[PDB]
Every structure is written in C-alpha cells, then in structure tokens.
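Backbone-built Cβ (ideal geometry, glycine too); neighbour counts: all protein chains shown. Nothing in this text is a laboratory measurement; each read-out follows from the coordinates by a stated rule.
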Amino acid sequence: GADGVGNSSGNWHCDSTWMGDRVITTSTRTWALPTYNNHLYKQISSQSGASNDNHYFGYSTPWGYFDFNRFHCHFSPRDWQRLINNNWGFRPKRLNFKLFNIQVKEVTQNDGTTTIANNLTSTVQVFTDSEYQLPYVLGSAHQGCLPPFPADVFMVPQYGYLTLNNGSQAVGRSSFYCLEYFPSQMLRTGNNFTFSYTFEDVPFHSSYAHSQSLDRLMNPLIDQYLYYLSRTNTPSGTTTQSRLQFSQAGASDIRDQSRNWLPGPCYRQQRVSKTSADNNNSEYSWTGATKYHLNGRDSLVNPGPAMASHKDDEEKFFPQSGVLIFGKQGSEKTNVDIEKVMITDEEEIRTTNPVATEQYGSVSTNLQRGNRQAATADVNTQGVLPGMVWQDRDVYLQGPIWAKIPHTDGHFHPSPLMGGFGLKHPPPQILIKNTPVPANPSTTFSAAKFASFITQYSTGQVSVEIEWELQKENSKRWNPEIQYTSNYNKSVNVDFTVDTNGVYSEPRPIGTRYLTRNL
Amino acid sequence: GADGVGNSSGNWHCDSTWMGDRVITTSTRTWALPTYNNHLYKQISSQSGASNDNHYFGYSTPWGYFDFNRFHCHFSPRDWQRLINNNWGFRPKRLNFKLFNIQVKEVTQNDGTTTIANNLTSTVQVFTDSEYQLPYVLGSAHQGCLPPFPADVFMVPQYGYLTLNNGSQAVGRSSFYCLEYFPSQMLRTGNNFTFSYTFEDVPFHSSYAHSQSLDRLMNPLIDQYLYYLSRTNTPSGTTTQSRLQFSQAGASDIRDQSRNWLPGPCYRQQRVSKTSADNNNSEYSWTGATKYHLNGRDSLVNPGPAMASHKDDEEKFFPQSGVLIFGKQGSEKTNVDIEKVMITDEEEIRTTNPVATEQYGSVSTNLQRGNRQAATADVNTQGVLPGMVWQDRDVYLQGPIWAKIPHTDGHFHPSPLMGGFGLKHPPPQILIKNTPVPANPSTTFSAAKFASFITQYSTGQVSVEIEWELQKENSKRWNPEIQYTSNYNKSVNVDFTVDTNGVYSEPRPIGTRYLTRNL
Amino acid sequence: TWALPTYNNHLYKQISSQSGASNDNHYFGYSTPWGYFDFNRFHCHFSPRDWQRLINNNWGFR
C-alpha cells in the first residue's frame, strides 16, 4: 500500500473498451466482511439420521473469499451484445485484481442502541494461494457473486470445505487445512492489494449455431455410387420367397444413405412438460431420476452430458435435470412454483447432439435364420465411438465462466458440464479475514484460549479487469441472421432495469448462440 | 570384450543412490543358460481336442531371454520407502545393461557319474533387436524374472511365440521368425556385452491418494444459485395433483447438487467373499465371469478396467477377476487354497473410479404421460463420456513396470491394464543362446542334419542400472499422513527376510499410494 | 497474536513463601511488571506434518 489515513488508495474503474480483435472489461463493487465463527475453526458434518447419500464431513473457517466467476459480473446486457451478435467465439486471456479503500469499524451493542466507530489501527489480511494447495471451492456455482448491477453492495461469503467420510465419521486419510499457515499480507487503512494472472491457452467458446444437420450433409441432386440392402424378399407365385435386392440411395432414399459421421453420446433423461396436465400424478422426482453410483451412495447428474432439450415443434418438454434453471427476482429457496423459475433452452445443438429424452438408436439383438426373425432393442446409453462429433453446452449470460479440472491420471474432453472453460490452473482463490483484536484480559496470568474479542467488521472496494480474445466471422450467407432483440412494444417496466422500488432484475436467460455457421 | 582368460571382465555393482530429484538404482544377478530343444526350432500348437477358446499355434526356439521388468528386481524393500512415503510420483528415464564373466561348461553323463569341465574356446552369442521386428513377449507377466533377492541364482527362460491360427491349424498369413537371421555378437570367456537405452517421455505414475471424493467438491456453507426439480406433486383436498416445485440445493440437499464432472467408466464384475459361507454352492467360475468375444472365441478379462474393489466397510468382498493376485512363498501352480494367495486391494480410487461390483448408475427407459409411470434401468457398462475423470491401477512392489503399446491405427489412454508405463518403444528384448558344438562326425561324407552335439551349458553375471525421475510434494495438510510401517511387535520371522532354512519371502503386497492430495 | 496486560499496578513487589511451610518449600524473590515471550517449545515451530519429514526421514537435526 501507500501513504496516509487521509489519502485514498484507489480510483473507481468500471468501463468496457472494444478494440476489435481483443476486448477488455472492468468493474468495481463495494463489499462488507463480517467475522465468522467467532475467529475459530469448527468441524461440521451431516446431522444425525440422514440418507446414506447425504452424509458429509468437513470444516468451516473464519475466512471469506471473493467470487467473480459469473459472466454478469463482467459484462453488462449491452456489452454482451457486441459479443454474441457480432462474433463466432471468445475466450479469456489475462486478468487483474485489486483491493483498496479499506476501513474497519468496531461496534458497541450496549442497551438498545448500537454505536459504530472507526478503528484506525486494526488490520485485514489477504492472500492468494496460487499453488492450488487448498481445496478448490469455486466452480460449484454457489451464491456470493459480485452483483450484476454495479451500484449494489454485497457480503463476502464464508469459506469451508469437505473431506472423505464414512457415514458422518472421518477417515484416517481425511485432511485438515489451517489457513493461518500460509503467508498473507496484512492491510490497514491506506494499504492496497493487487495481483495479475494469465489464462492458459484454451479453445474459443462456440457462439455459432449450425446451418446443417448432421443427418443431411450431401447433394440432393446426385445419387451415390454405394449400394444398401433394400428389399429382403420378393413375391413368387402366391407367396414370397427370400431374395436380396440392392439399391443406390438418391434424394427419395435420403434416410438410407452412407455417411462418414455419427452423433454424439447420450445418457438418457426423463421428460416432463410445462403444461401441468400431461405429467403423471405421483412422486417420481428422486425415483425417476438419472443417477450415478459412487462408493455406495447415489447422486443425481444435474446438468448431465450435453444434449438437445426437445425435438422439432415440441417446446413444452424439457429433461428432468438435463437443463440449467435460474430463479427470477426474489425467488425463495425451497418448493417454489414453475412461474418463479427461468428454464434455459438447449436446442440449436439438435443438429449434432441427440435429444436428451430419447434413445440414441437401435441395435440388433440376435442372429437371424430361416425359423428365427430379426430382433432389435433400443440403446439408451452410448459412450464415445470413433467418428463421433458433438457440441458443448452454452454459457448463457449468468453462469459459470470456468472450472478447475481435477488433478487425475486421465480425463476426456475436459470442457466442464455446466459450461465454460476447463482450466488446469484457474484463477486462484482470494481469501480475506478480519484480524482478531482481544479485549481487556485479566490482571493475573492464565493460560487459556481467549473467548472475548472486540466486535468489528470491515468494508472497502474491489476491482476486476479481464482481457478477452474475439473471433470474427466471414460468412457468405446471403439472407439475414437471427439477432438478439429487445421487444419494442410498450410495457410497465424496461427489461434489465430497476423498478419503482429500486431492485434490479433480469427478465430472461440470454445465450451466446445466434450467428450461424455451416457444419 | 577385452583381454584374457585369467582377467575378469567386470565388477559386481549392486547399489542405490538418492540424489533428490532424480534417483538411480543398480543390481547384479547370477544366471545359468541351458541348451533348449536340442539346438532346433519346433512348431507347437494346441493339443488334440480342446475348447475353441484354448486353440493356439506358434513356435518355440532354442534362444533364451532376460526379464528385469518387475520392480522388485530394481528396488529393495527399504529403497521402496524413500519413494512411496516421500513422493507424489516417479517415472523411468534411462537404463544400462551389461553381461560379463562368461564361462561355458561341458558335461559327461557316462555311467552313474557326471563330470563337468571348462570348455574354453566355446562361444555364447547375444543380440538386442531394438527395431522391434520380433514378436514382443515381455509384458505378459511370465516367470523368469531376475530374483528379488540379490544372492539367488536363476535360469534364463526359453523364448517362443504364437501366430494366427484356425483351430489348431495355421493360416497363410501366419509368420515364422528365425532368430539366426539377425546380426548378433559372439562372446567367449573374457568378452563382455553392453548397451544403453533412453525412455520416451511418459507421465509420472500417481502415488498419491485423493483427500476429496468426486461427489463432494463444494462448500457446505453456501447454497447454489441453480434449481433442481424437487417435488412432482402436491396434495389438493383429499388427493394429490400434479404440480412442479423447484429448489436450491444446500448442505441438506448435497445429494441433489449440480456438478461439473462424472465418474470413470466401468465394465462390471461378479462379487465374491473371502468368508466361505457367503458364496454360492455351484461352479460359477467360468460361467459367471466377465468376458470379451473376439473372432468366435471367449477370453476372460483378468485385470479388466480399473475400478475400486469394495465400498466402505465391506473388506470381505473383491471382484472375481478384477484384482491382481500374488502367491506366497512356495505356492503351487493349480487348485490352491485362498490362504496361499495374496490378494491386492484397490480402494483409494473409490473417490473417482466406481466400485467394480456395482452398476454405474441408472437411466430413464421411457417417456412418462398421464397414464404411464416413469421407468428406469441399471446401466452395468459405461464407455467414456465427455467430462469424465478417473485414476489408473497401482503398480505395487512386484508386478509389471511397463508394456509395449500395440502398433495400431488408434488407441485410447494407452496406460496398460495390469499397471505401469505404456511405451511405444520399450526396452528391447535381449536374446542369448549357446553356440552348437558338433561331436565326432563320420569319416565318409554324408549330407544330413547333425543329431549329435557336445552337451554343454554356460553361466555368468548380468547387471542392470535404471535412472528414475521423482516428483516431490508440497502439501499444506496440517495433520499427519498415512505411512507404510512394519509392525513392531515380536515375531518368529522378520518380514522380507530369510528364514532358518534360507528361503527369502515377501509377506504382503505393497502399493505406492499413501501420501494424500486434494482432488 | 498476543495481548499484554499491566501487571502489579506498574510496580515491583518482593514475594516469599507463605508463613508456615515445609523447609523444602521456602523461597524468596521478586515479581516485576514486565512480560516475556517464550517460543522454546517445538510445537510452536513445527506442525504435526512438518514434524514428519524430520523424524521419519532423518538421523538428526540441530
């Protein structure tokens, strides 16, 4: 840091600049940090009797952490539109981080009034691990983001983690991390903190949608030179006999043509409808779910593999867990009606990824003979096969930007299943805490742990700046594209704006896929 | 080679040196080489009536070969412990090979006595293919290793191979290799042989175990912002109606949370117990096995894909073939009791790879409607899907170090299924033979193949030195690790030591995974 | 992190054994307002895991 109590440690920077090829964004927010857990660590675990699936064991810490991982932190609704309408892809490159204008307040709750005053000599300490030595919590899509709207103020969320358990009990291999055991940087009023970071090379995210379905790749005018088996028998006299005929596949045969490629893999979902009348009356929620089984307990696959949500001309149906779901403004935690949630749509991927609610295809179950008749069965789960292409899941406007790839001997197509960018060395976790200030010890000496501290909290401003790389488009498409538009009719409230009471709200999910490409 | 009959061609080197980052090992053994097959090639094949699975066709040769491929050759039980306790991974780099102190003996069996004497002018010839032109036998985990204990003496195993067959009969494509048709190096007493080799780049083997299970990646304190479908219906009056409610997943919901990753693939096994009372009474061995079907015959998958052996708090069960199994000292070939075998345990991989005896998960089989009710089925086999992470199988103390990757147009995650390091250009096979010495031909000329030779054999010392690369650990774990310890109680015999009759024995399998890492 | 009280109301005092006591338990001395820092125990310096690249891996330390 630098200088005094009266001097300011940083300016407010929130802006976006568009350079053409690479583009830069900036934002600044205001935060407040409480003391958590009365300055002490605690182990936490599952509560008494619980399902074998719900057991957990871990620790909670006094430390907080910053999360900018959602897009809406970085991009405004309009800045989001020089991106998704005008471009075929984007990726991050490098970022900056800064804290400044730190001030610490102590509070006195005596009687029915609470007085608050500056504590000028108190400190707040911050570090960034950057060696990836801690359990990495970010990327699990928790709350506690920097707000989407720059004028809002937010608390910093508390930090904690989980470790191997057996039931509600720990195992010998289970690990315990003390955050005090790292070098950090102690800051007072008039001290600031910075670091900078560089993304590893990662593929552009695909903001295009395809103009060709994988099942139609070819010229309708010209027939193939390959033959397929067409008729298996022919009438002879009164009744048929076995005769094999072959054919070349034309535009009337398009079903039957040879191809060089296959659709992507599927792991199948249950289908439900937004119209309440079509759905069965029972509780199938947990029973009818698709799950995976790991170490004797069952977990839902909430996003699951990337698959189209519905087929043509059914907009009413979506996979049970297969989609992301966002809440509207002020929605509650539990048991809330469908009118409150916002359900995203995965469609444009129909052309490669198969629909999530249907089988991959059909396969032959048996060997035919004279007295046996051919039999097939549906394959509801398919792994990856050579010659198989697919697309990934869209990032939308608000959702995960990145995730940390687990450190393991093998992995396949690491792009993460919620969306965004898989990173082996992602942006490091930033951790922050209030330094404990003891209160009025006894006159005689005693060896005991202090239970008594001054009650205080801190606040300041944080800033983030990321540099993005863009991919422009050369398209010879003659006719116009599909663009993201706001409706021009009159309305009581404007979208993406404060209401009369001053609560900013986001009307609908906005994906990145509009501009079209050929497959 | 160099110099004389009286001069020695090499010193005994067996040692281990630890440099920190890289590390170097050395060993020397004493061998004896018989003449095989009376100096001639023979075709071999399956015997008369046999199962269609058991047919084979091939050749056996007079040549022998050296196999150091097991770890216990290179590492002593204590040297194995500055490795597995102190490190997160290791890989080979380069090796040396040497033969020396060669001496050839001829034997005379007349009457009831056998005299043995030096033959000073006889030769022994050796070559290393290194162009990978021969069938590559090593890596199939046969017998004939350099002994684990440096004072033992061993024969060199005989060399042979197999080729395409139809039943017990050869096919036109089947190949025949004459080892005489290579350049080799002929050695007498006072001649030595050397070559050196460099491993291609290969990933470190993972000697860590994970401190986090893949099903728990996230902060218990903070709720997600995503919604999952929670209740499918609500009571209305006397009976329920269809109503869809949604929820955000907290620490009580941990079963239901969204995740960016999925567990590794499985190919399922039958489960048996070490307690003899739980197992069914019948012969299910071959019938209840998991198999693959190639060209009309069936083969067991003995190791199979890497999967955890058992779940929490069942130590009694293991997959039917799914684990490696080692014999104790002096165990016989066939039909031996469980008390004689040593069964390895694959557990620490519970956190990623699914258990081998259970299904991967459940998937939805049908489309619901008003009068239809949701249906699911177990998926017992899963291929690789995008966003899937796993671990490989552990090497232990004694077992394959490497295998040769087959030469093919495609392969996936080549790490071999017994364990160790897949190599496209592995250490080349060393081949050795006694040169035939004819005996006393007839006085008149005859054109015929000699059936009569001097009876002789050779012996000497061999040496191997490998350089290893190590990966140290930076861990902020506060509490202690799990280490490999010998029990301190008194006992009749010390582990990994000679008994009163002088037979070295190994009490238990020792894996490499102790130190812990975060996932 | 430490906290330092004022001891003895900013003044020195002589202290000694209390009245009747065993001849073994008699003592005479002084107490001061001053405090002092003690790091002399190992567990201050070494964590349980750091203690294990030491005692398992080594024949001595100073």
Exercise. Restricted to the range B:493-519, and to residues that are of a type in the set (D, E, K, R) and under 29 Å from B:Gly89 (Cα atoms), which residue is nearest to the other protein chains (Cβ to nearest Cβ)?
Worked result: B:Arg517
Exercise. Across the range B:339-362, which residue is farthest from the other protein chains (Cβ to nearest Cβ) among those that are surrounded by 23 or more Cβ atoms within 10 Å (Cβ to Cβ) and part of a strand (DSSP E or B)?
Worked result: B:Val355
Seminar exercise, completed: Counting only residues in the range A:398-409 that are part of a loop (DSSP other than H, G, I, E, B) and under 25 Å from A:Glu348 (Cβ atoms), the one farthest from the other protein chains (Cβ to nearest Cβ) is identified as A:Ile401
Exercise. Yes or no: A:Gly460 crowded, with 17+ Cβ neighbours inside 10 Å, closer than 30 Å to C:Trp2 by Cα and touching a residue at least 12 places away in the same chain (Cβ under 8 Å)?
Worked result: yes
For this session: Answer yes or no: is there a residue in the range A:422-436 that is among the polar types (S, T, N, Q) and at the interface with chain B (Cβ under 10 Å from one of its Cβ atoms).
Result: no
For this session: Could you tell me which residue of the range A:276-322 is farthest from B:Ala308 (Cα to Cα), considering only residues that are aromatic (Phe, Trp, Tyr) and facing another protein chain (nearest Cβ under 7 Å)?
Result: A:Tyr284
Exercise. Looking only at residues in the range A:369-384 that are assigned to a loop (DSSP other than H, G, I, E, B) and at the interface with chain B (Cβ under 7 Å from one of its Cβ atoms), which one is surrounded by the most Cβ atoms within 10 Å (Cβ to Cβ)?
Worked result: A:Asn380
Seminar exercise, completed: Given the conditions (1) in a strand (DSSP E or B); (2) of a type outside the set (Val, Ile, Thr); (3) free of Cβ contacts under 8 Å to residues at least 40 places away in the same chain, every one holds for B:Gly49 apart from (1)
Exercise. How about the range A:257-305: which of its residues are without any contact (Cβ under 8 Å) to a residue 40 or more places away in the chain, more than 19 Å from B:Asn380 (Cβ to Cβ) and of a type in the set (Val, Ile, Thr)?
Worked result: A:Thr287
Exercise. Looking only at the range B:307-339, which residues are farther than 22 Å from A:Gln169 by Cα and of a type in the set (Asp, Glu)?
Worked result: B:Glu332, B:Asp337, B:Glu339
Problem set entry | B:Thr365 vs. criteria closer than 30 Å to B:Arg508 by Cα, within 14 Å of chain A (Cβ to nearest Cβ) and hydroxyl-bearing (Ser, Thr, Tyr) | no
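Results for (1) farther than 30 Å from B:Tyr484 by Cβ; (2) out of contact with any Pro (no Cβ under 9 Å at 6 or more places or on another chain), shown as yes or no for each residue.
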| residue | (1), (2) |
| --- | --- |
| A:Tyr177 | no, no |
| A:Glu180 | yes, yes |
| A:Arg188 | yes, yes |
| A:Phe193 | yes, yes |
| A:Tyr197 | yes, no |
| A:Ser211 | yes, yes |
| A:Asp215 | yes, no |
Exercise. If a residue has to be surrounded by fewer than 19 Cβ atoms within 10 Å (Cβ to Cβ), in a loop (DSSP other than H, G, I, E, B) and either within 11 Å of chain B (Cβ to nearest Cβ) or among the charged types (D, E, K, R) (or both) to count, how many in the range A:385-397 make the cut?
Worked result: 3
For this session: Output the qualifying pairs, or none if there are none: Cβ atoms under 7 angstrom, residues six or more apart or on different chains, first residue in the range B:217-244 and more than 7 Å from every other protein chain (Cβ to nearest Cβ), second residue in a loop (DSSP other than H, G, I, E, B) and of a type outside the set (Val, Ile, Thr).
Result: B:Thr234/B:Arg243
